[PDB]
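Below is one structure, written out as structure tokens, with a few remarks after it.
Because only heavy atoms are used, hydrogens play no part in the values below, and waters and symmetry mates are left out as well, while side chains stay in. Numbers for residues simply follow the sequence, beginning at 1. All ligand and atom numbering here is 1-based and tracks the order in the structure.
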Amino acid sequence: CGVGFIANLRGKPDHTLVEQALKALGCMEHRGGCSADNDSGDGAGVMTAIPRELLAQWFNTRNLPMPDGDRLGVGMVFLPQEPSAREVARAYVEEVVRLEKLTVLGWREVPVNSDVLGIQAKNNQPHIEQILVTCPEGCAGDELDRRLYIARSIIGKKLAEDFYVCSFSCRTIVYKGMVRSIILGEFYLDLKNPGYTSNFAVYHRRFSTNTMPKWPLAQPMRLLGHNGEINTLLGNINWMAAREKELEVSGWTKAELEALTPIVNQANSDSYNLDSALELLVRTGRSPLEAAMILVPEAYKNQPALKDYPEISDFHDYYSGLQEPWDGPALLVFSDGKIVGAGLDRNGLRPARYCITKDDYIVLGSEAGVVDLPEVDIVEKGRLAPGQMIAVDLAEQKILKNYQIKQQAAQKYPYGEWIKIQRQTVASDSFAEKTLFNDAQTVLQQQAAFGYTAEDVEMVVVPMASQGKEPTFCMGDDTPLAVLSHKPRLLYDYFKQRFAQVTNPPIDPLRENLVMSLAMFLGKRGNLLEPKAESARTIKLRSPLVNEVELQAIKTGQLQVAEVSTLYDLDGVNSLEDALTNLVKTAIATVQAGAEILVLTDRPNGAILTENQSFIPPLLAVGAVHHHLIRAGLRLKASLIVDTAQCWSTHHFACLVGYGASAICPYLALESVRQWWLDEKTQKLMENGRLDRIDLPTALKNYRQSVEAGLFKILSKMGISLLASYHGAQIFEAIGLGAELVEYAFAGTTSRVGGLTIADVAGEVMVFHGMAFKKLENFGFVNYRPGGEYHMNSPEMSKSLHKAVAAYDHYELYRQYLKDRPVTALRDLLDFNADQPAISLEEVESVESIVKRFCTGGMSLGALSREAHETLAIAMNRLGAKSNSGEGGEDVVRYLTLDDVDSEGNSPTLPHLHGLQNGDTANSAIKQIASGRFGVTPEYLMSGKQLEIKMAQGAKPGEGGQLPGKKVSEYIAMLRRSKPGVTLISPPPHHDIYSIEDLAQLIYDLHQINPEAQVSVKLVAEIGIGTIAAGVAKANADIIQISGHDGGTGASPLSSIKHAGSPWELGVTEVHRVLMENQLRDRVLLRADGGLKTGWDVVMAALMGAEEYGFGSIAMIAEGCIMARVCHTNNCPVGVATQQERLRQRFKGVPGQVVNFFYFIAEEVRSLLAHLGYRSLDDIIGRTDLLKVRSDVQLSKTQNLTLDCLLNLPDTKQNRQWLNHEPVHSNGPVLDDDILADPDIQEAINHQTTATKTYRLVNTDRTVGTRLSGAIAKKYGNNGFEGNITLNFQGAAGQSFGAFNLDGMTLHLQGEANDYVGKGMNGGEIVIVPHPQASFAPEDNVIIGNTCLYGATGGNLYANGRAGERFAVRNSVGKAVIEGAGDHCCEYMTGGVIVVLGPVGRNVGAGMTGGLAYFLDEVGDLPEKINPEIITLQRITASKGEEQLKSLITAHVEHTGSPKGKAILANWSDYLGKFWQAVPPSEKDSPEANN
Ligand SMILES: Cc1cc2nc3c(=O)[nH]c(=O)nc-3n(C[C@H](O)[C@H](O)[C@H](O)COP(=O)(O)O)c2cc1C
Ligand SMILES: O=C(O)CCC(=O)C(=O)O
Ligand code: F3S
């Protein structure tokens, strides 16, 4: 979406501002989407003041007196088209208006031109009228809008696509519709009426994830226009709804508040709910600014900018206890008709740029280019940094800046005094060291009974306590889903973590930890509407993990505490179900008796579980009491603490909090740590072979630190900062839980496959009871064991495949390893139901044809040896299929076809490979673009047939790629332009992609540089992918990859491998269905991966809607992988997943073997087609009617699954045209096409001549220069061009100006630019300066946006002005001089040189591992703004450093004329001492940092 506002402070209200708003909307068209007719819009709208001059004509025609402005209520209403229905609706509106004691003056038919609408919107269009209203008692202004708000809320009980009030106010009105931006004013005649005047406008252009427009869903809403995505919505809704029955404020009756009723509803969009909640806050006595501060609070902790504003910190300190953030990316633009303003989310994940004139005229929007004001009278160009706001007081004619706004709200009450007196904090650095139990026999028995398994303590708890981090592992989750397993599992294992992809970004829990918090508040939640001292009475925790000391301190504390047992007797009468019934009833009664904290314990009275008792699993207990308290209207009366033996992993703590726990005492987990440390084997080891750097207090501290780190990780996967927001929210998908159970304890969680009843979960806990009543059982779970859990991959299976394939049987032995499998994946429950007789094999399409659909897929050159990586590429190219350069870039030597193969199959070009032939090429057909951008060079991008944007992989979907430092050889460091020994943890998000429109921008950038390459987007299966994928299709992607939770990895957290991501069957099927239903299916080819091994797997994936098939782990096995599962270790025995030269030499593996593998699978596909009676894969894709449930399958834990999710797909027997795709989608006409068509430019490219051209630019001119870069790179590579092209531009540049710039290209821009300037720049020069007529001091003003130089591998940028956040984010070799920046300057920088001649925001140098930066700090507060994890700050001492800085500023002055640079150079000696130099420990001994 695009959004913004314009305000005329000092001039008379006019039509010009309205025209400007419509033009601004037009400049934001690329930020919105269109319906299936490619004509109707997802939404465009404007909010303005009431057009009094226009409405006067209506009063005149009627000979009616017109009331004063603050006395005339106007309702803009969408009504039914059908006349009889329209009159029932009208009568209802009038009826409620009368009930508010208001008078209906009449109705105005709104003049429209329906013939400009797209066909779907035209079909959809409501009948649009305005109701005119007054108060005969004389109410006006605030009170009138209050009564209209009440009226709106009552009328809104009958919401329909057909019956909706857009606005009802005496100050504001909204004109909106399902239109493209330039259509809005052609549809509403009022908007082009010169009599329409307004002192402000809020405009919005919508991007939706569907193709079926509904008019009420355009924006603005009543108060707010919203760009972003709420990532905690289910939680935010649940908490707010729980407030509804108890609402109380001065100035309001109980009955009026009751009329507002459902403030929030999960049926409605995030935007609708936010508008509603925010208006409730406004209309009960806050400004919209204060409302937004409470609902979407700043990350106020560790904010140096708040040093002189203690009251602002106090405000948030207070509200932190009352209201969790409605988190996720957001630019909010809103108006009262009194104030108009804007604010960002805590992380500033949407852009907001603004402009102020000499007359205090102000323009703010998603992009800077957007209103043409005389450049000469602009007095400031600014932006909103994270959490910031800006506003206008219309009556006062005043612009209000960030901290002025917040201080005024904060000073209303003595928030801090209240906290001082009322709040209790519980925290303890010490643990209890005395053991709970004395017999290790007791400890072991309790462990067994509560579900601890040998690997649980050995592979999970012990590493957490001994290392202080959760464990890393490798390869995929090879095992049956918990519901399909014959092994006992925990209720936790049925819940998969949800995560962010495309529609909102993950955040970085390490680099941007400063923005996150695990703090929690215990006790009753106060009145949100009426601030009082009482509401600060709480117990604050710094962490949800409460140790024995902290638990006792809580039990004492100032709040009423009650213990509630989760145990019950096994008396042959009690069941888990009535124990649950009793639990819930007890909890309610206990809360009714005044308990403010409930401790749900499986150790009541401090007594141990016996053989005569069982327990309610803590996740079941907490979920049940959480939801039943909600149902009882008691949820805000108390907090829940889980005191449980069944909690030890990172995933456990997250599930517990996600479903209602404020805090957890994991008493058996702590006891497990104690007993491990106090084990003579451990004590004896420490005397030599384990780190005895660990006394008991350190082991315990390490354990807790591991859990806390793991919680930050899980939150960040979804982009969530505060545990308080995660607490209500239910950021999971359940797999294998029945509807009845889900409704009882996990209401609102999707669980698409049915499954477990309450009785089934009890049966499962009883398996562990029977094991408990010498050592814990080791099940198969992490690594294959002879009698353990089944793994799809194992060494023996692997060895028979490799020998079958090297032979030219071994394959039949391999084939039966697979068929003897227990049920493992969802597809295992299905079988074929043919609708046609079998045909003969000779009729079926050839193996050569089928193999074209196969992809090997992106395994990085760091994770794999070049031997294993290149071998795959040669094999896929021989096949006419595709391989993928995962996220480590690619060696340029591979771009060329092999010429020099001898008769033994060896090539001097790639001498480490074997079994080659002269036609061969190791070029990866698919080139990957991942968040780290390591590969990412113009030549690299031109070498791809296809380009893949990797949003997530199945093994670790919330997170970035991971390459252990030991595997970063000099070779890898060269490819990646990073530092040899250094661990690469890639950013979780693309800093390029914080929304669907930002993804559309990256796809545009890729189509720009390489218009012939298809662009794919790699997603991971989870509920919500369908919606996401519809967006991706609207964003002009050519392909969508769906990856299963299943897939391999060279290194990932073990928790992520086991707990995050869903089956591909669910993903492929959901995406296929959603695309077909939106009529978007023809727009994209669908590819699938995750545990694909076999022709049968391929046929199953085909039936579910996949057209292409990816293979990772299995392809590695074909090359000799023996499933050692030490990939993350660098010790691969077989030279596949290692960089060690001497292990690489062991690599046997020839392209011919993997060729043979794929022919085997394709032959299997042919036998299956013949059986089904079809000639071709093309005939069966999406034919889910050929699937049936297998009758020979009986599940261990439950009766059956529900598989409608897989079977109920749209009919595809007859309608198959969606299989026909356009070769590659176009960007449409682009300025670079005109540049490239110019004969002088063609001459400069082809003859390497000098050329210069000059052009006017506007914000809709995106990615300029980039198509020319691609053309040069295609011909000359990155460094071959000897020509010289200078392009001069004037105006406001759109997104991605100078992306992928190369040597020989000079881009000059006079004006300003939007985000991503020089994205992936490789060479040349970009120079950005203000207009000559600009009067402001350039160094004090924004000229460039966010994420500039992202992943740059070379080049120089000179900008005479300030940048936004993440300047030089992941810079590898770019150089730049700028005059100031927002937050996170140089964030993942590994090289190059950055000079900032002005103030910078906080979090400087987070993850900066190489390169140098120089910061001019004339204030003296820079040391407070550094991220101290890696870089050191020092004054310039080395003469080489001084000369490097001086040369760059001298260049900056020559290019720019920078007045600031000139002043520095004129007084060099005075300014030198005010610079700080940022030095990572790779640069400590460089001459420019040392000596
Ligand atoms: C060794 C290894 C390294 C991988 N590295 C990447 C990476 O560079 N980028 C990426 O998108 N996926 C990466 N993945 C995931 C694969 O692209 C693919 O999605 C996965 O292997 C498919 O599942 P499968 O192994 O069961 O066939 C890697 C997988 C493994 C096996
Ligand atoms: O090589 C990289 O940087 C990422 C690869 C990765 O995370 C994986 O092996 O799954
Ligand atoms: S599992 Fe990994 S360590 Fe080697 S043998 Fe296979 S690549």
Side-chain angles (χ1 to χ4, degrees), residues 472-478 783-784 792-795 798-799 802 825 855-865 868-869 872 883-889 924 926 928-935 948-957 959-965 967-968 972 975-976 978 983-986 1016 1018-1020 1041-1053 1056-1057 1061 1064 1087-1093 1097 1109-1140 1143 1146-1147 1149:
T472 296
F473 200 53
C474 66
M475 281 309 257
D477 187 7
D478 227 16
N783 250 306
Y784 166 87
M792 280 287 336
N793 312 295
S794 75
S798 289
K799 286 169 209 183
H802 182 51
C855 304
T856 234
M859 311 177 274
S860 71
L861 202 116
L864 292 191
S865 63
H869 195 109
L872 289 181
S883 69
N884 185 325
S885 84
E887 69 196 289
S924 299
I926 301 149
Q928 200 177 68
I929 300 92
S931 62
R933 307 289 162 99
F934 298 123
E948 171 155 278
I949 299 158
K950 175 216 170 205
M951 304 305 299
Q953 64 182 109
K956 53 178 182 279
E959 313 174 57
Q962 205 172 135
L963 191 64
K967 304 184 83 175
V968 187
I972 302 308
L975 287 62
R976 301 194 179 206
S978 66
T983 295
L984 298 170
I985 311 180
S986 290
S1016 75
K1018 174 168 180 177
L1019 303 172
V1020 171
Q1041 175 155 321
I1042 300 114
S1043 297
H1045 79 289
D1046 232 2
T1049 173
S1052 292
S1056 300
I1057 289 159
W1064 64 255
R1087 190 133 78 218
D1089 80 14
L1092 301 188
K1093 287 153 132 267
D1097 289 328
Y1109 321 95
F1111 300 88
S1113 303
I1114 331 65
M1116 284 160 67
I1117 292 165
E1119 280 192 315
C1121 163
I1122 53 165
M1123 287 301 313
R1125 287 185 220 238
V1126 298
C1127 319
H1128 58 297
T1129 240
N1130 207 27
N1131 301 328
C1132 176
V1134 95
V1136 166
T1138 171
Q1139 300 305 324
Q1140 287 193 51
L1143 291 178
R1146 298 180 176 180
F1147 179 81

Short side-chain donor-acceptor distance under 3.5 Å, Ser924 and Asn884: no

I need the atoms of ligand 2 closer than 4.0 Å to a non-hydrogen atom of [X], numbered in the order shown.
{"X": "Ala1051", "answer": "9 (O)"}
{"X": "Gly1050", "answer": "8 (C), 9 (O), 10 (O)"}
{"X": "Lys956", "answer": "6 (C), 7 (O), 8 (C), 10 (O)"}
{"X": "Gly961", "answer": "4 (C), 7 (O)"}
{"X": "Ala863", "answer": "9 (O)"}

For ligand 1, which atoms, with element, lie under 4.0 Å from some heavy atom of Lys1018?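 Listed by number with element, the hits are 10 (C), 11 (O), 12 (N), 15 (C), 16 (C), 17 (O), 18 (C), 19 (O).
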
Distance under 4.0 Å to a non-hydrogen atom of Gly886: what atoms of ligand 1 satisfy this? 8 (O)

Counting only heavy atoms, which portion of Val1136 has something under 4.0 Å from ligand 3: side chain, backbone, both, or neither? side chain

Quick one: look up the protein heavy atom nearest [atom] and list residue, atom name and how far away it is.
{"atom": "atom 1 (S) of ligand 3", "result": "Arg1125 N, 3.3 Å"}
{"atom": "atom 6 (Fe) of ligand 3", "result": "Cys1121 SG, 2.4 Å"}
{"atom": "atom 10 (O) of ligand 2", "result": "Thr1049 OG1, 2.7 Å"}
{"atom": "atom 5 (C) of ligand 2", "result": "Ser860 OG, 3.6 Å"}

Is the contact between [X] and ligand 2 made by the side chain, the backbone, both, or neither, using heavy atoms and a 4.0 Å cut-off?
{"X": "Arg976", "answer": "side chain"}
{"X": "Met859", "answer": "neither"}
{"X": "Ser986", "answer": "neither"}

Is there a nitrogen or oxygen of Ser1113 sitting under 3.5 Å from a nitrogen or oxygen of ligand 1?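 So ligand 1 has an N or O lying under 3.5 Å from an N or O of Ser1113.
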
Residue-level breakdown please: for [X] versus ligand 1, do any non-hydrogen atoms fall below 4.0 Å on the side chain, on the backbone, on both, or on neither?
{"X": "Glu948", "value": "neither"}
{"X": "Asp1089", "value": "side chain"}
{"X": "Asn884", "value": "neither"}
{"X": "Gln953", "value": "side chain"}
{"X": "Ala863", "value": "side chain"}
{"X": "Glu887", "value": "both"}

Within 4.0 Å of some non-hydrogen atom of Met1116, the atoms of ligand 3 are 7 (S)

Give a yes or no on whether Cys1132 keeps an N, O or S atom under 2.8 Å from atom 4 (Fe) of ligand 3. yes

List for me each residue that meets ring pair (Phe, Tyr, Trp, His ring centres under 6.0 Å) alongside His1128, sequence neighbours excluded, and say none if there are none. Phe473

Metal site atom 6 (Fe) of ligand 3: N/O/S of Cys1127 inside 2.8 Å: no

Assess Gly888 for proximity to ligand 2: is some non-hydrogen atom of it under 4.0 Å away? no

Work out which heavy atom in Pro1133 is nearest to a heavy atom in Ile1122; give both atom names and the distance. CG-CD1, 3.9 Å

